[PDB]
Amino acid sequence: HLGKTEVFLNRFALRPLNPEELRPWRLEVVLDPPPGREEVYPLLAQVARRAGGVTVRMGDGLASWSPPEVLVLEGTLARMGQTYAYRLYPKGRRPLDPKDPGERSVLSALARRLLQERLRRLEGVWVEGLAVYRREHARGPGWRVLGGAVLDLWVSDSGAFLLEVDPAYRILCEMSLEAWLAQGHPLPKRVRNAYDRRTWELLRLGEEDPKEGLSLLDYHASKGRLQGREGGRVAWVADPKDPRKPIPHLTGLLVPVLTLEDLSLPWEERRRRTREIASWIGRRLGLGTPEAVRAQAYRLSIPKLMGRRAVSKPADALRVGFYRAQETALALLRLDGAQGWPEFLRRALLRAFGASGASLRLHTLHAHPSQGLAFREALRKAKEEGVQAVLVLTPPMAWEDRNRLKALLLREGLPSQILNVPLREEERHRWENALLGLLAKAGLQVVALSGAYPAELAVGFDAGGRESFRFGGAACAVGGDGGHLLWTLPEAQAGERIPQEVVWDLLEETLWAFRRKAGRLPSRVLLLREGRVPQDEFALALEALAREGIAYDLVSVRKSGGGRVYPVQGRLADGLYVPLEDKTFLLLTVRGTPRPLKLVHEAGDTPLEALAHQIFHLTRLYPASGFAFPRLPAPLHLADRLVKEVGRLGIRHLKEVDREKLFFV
């Protein structure tokens, strides 16, 4: 429990809502064709937009801060694809209270609309959504870069206004598709139809004749889409989604959409540009003078991290020794021309295993994957002589090969860590992270936490995989007393939402893992989800925990939405806790401007401080980080990576991989 500190957030307080904004006008709606089922809301919101003025939806009909008489109370609209005649009917005004969150919800919405709408008419200003740009930063040959900020406006509990502000840049081009080539520019990886709004991943060009299943130049004009311009026919792109077959379209009806290559704010300058814009907006909108909102920060007890002895970053366990070594064999695979183990790597590993008192063996695989099945027999044999993981020296592999090889070894129970081939002793940070990764893949506890924490078990949950279906998975850190890191077999699912039965099952695996290292159940576990928790996702798992008499806390850990945190005076410390609302706090562990982790206590009865403590500390357990800690707790960072990697290479291989070998780092 370290020392206080005062900080201000990237929010500001503005003028109290006025007697007229506290009593919104109410209006019912009437659509014809009469509304559907789940089509009502995505549309009742779109009618607030069409109606005009500052109006947002409020129940079955919308609310408005503008009088009905200055609204388009009747008009026409088209939705999913139908002409819907509408008519707004007035039904008096109904006051709202900031204290009553349900209603304060609406005020904040009107407030967000007021924000845009007022911005919409500031001459000399581009409003792309709730974000605004008000300074040019640089230019080129039709390629201009706008400065500005993204912002939100909501209502406080004291019936006052709140404005969140954060600097941003924009990239904008003028020249058409072929008009961008008139500049001599290179092939924009992406583009977007002016006529439509679709973004095509431009593939290449072609001398192919336009007049030459469909007739290009001809049918293109059939939609009367030949007017306005034409230029060089050029590209025959492909749907970014189904990105194979070629579906060509005229390069007169595409607008070039530029990117980074085809400018980084120092926090000191961001805290400046933030206050500037804040003032500016309150001034230009009659919202008043911006009072920077400030909150109490807290410095958090630095973690005591333990190799064989105390250590400050995982890499140092390389010279001190490991929190827990064991007899370990490690094989080598060379996909370049060379034969033996680079001596400095040989030395480096001995020096570390010496220091630990544990015994090492350094095998070599004399085989190439080119051999086919005979190569798998080579693996079968090394795994037989007790190799636990392999290092692979190789020039940069391609994704498709890289995956195939990784997946191959895992089929023989062998985790692999690639180290790319042009390699020199001085590239020390490279190969030491490669070494840590190899040892983690071998099953070794590199470092752990000395300390006492509320929960002896910490499990992270994530879901992911590019494809049509996802995986839901869990990693975990066993025993408060440092950690033992484990992964569990993920399970395939339709969406991001992990199924309840599945959450509990993965959870139960973590529990059982704990039971088998300490002959007892854990008294309390710490549950970590990445991002918003899908409502009720942990329903069963929590009830199940209860009936087993295990204490719990669920925390939602978000990487986005933490906003910004600035020092009132001085420099900010690495480990800062910052309670916000109720049940929600930030955590900052940072040559740019940092993003705080936003954390939400979704369940359980534990001091936000206590949780922030563990969490921040788990940040240090990640064994392949090396010379830098991940922003997220080791057990969550792991679940994130495992789920990604089972995504990349499929679940069928992991049958025979020891759950203590972190193969995915």
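Throughout, we count residues from 1 along the sequence that is shown.
K.L.:
Unmodelled deposited residues between residue 262 and residue 263: none, 1 to 3, 4 to 9, or 10 or more?
P.N.:
4 to 9 residues lack coordinates between residue 262 and residue 263.
K.L.:
With residue 212 and residue 213 adjacent in the shown sequence, let me know how many deposited residues between them lack coordinates: none, 1 to 3, 4 to 9, or 10 or more.
P.N.:
Per the record, 4 to 9 deposited residues are absent between residue 212 and residue 213.
K.L.:
Would you determine, from the values in the PDB entry, which of 220-228 and 482-490 has the greater average C-alpha temperature factor?
P.N.:
Between 482-490 and 220-228, it is 220-228.
K.L.:
Comparing 66-74 with 610-618, where is the mean C-alpha B-factor higher?
P.N.:
On average, C-alpha B-factors are higher across 66-74.
K.L.:
Among 171, 153, 541, 421, which carries the highest Cα B-factor?
P.N.:
The listed residue with the largest C-alpha B-factor is 171.
K.L.:
Which of these has the highest Cα B-factor in the record: 587, 477, 444, 194?
P.N.:
Out of 587, 477, 444, 194, the record gives the largest C-alpha B-factor to 194.
K.L.:
Lowest, middle or highest third: where is residue 600 by C-alpha B factor in its chain?
P.N.:
Answer is lowest: the recorded C-alpha B-factor places it there.
K.L.:
Should residue 126 be placed in the lowest, middle or highest third of its chain by the C-alpha B factor in the entry?
P.N.:
Highest third - that is where residue 126 ends up once the chain's C-alpha B-factors are sorted.
K.L.:
Ranking the modelled residues of this chain by C-alpha B-factor as given in the entry, is residue 659 in the lowest, middle or highest third?
P.N.:
For residue 659, whose C-alpha B-factor we compare with every modelled residue in the chain, the answer is the lowest third.
K.L.:
Ranking the modelled residues of this chain by C-alpha B-factor as given in the entry, is residue 205 in the lowest, middle or highest third?
P.N.:
Its C-alpha B-factor belongs to the highest third of this chain's values.
K.L.:
Check where residue 633 lands among this chain's C-alpha B-factors and tell me if it's the lowest, middle or highest third.
P.N.:
Lowest third of the chain for residue 633's C-alpha B-factor.
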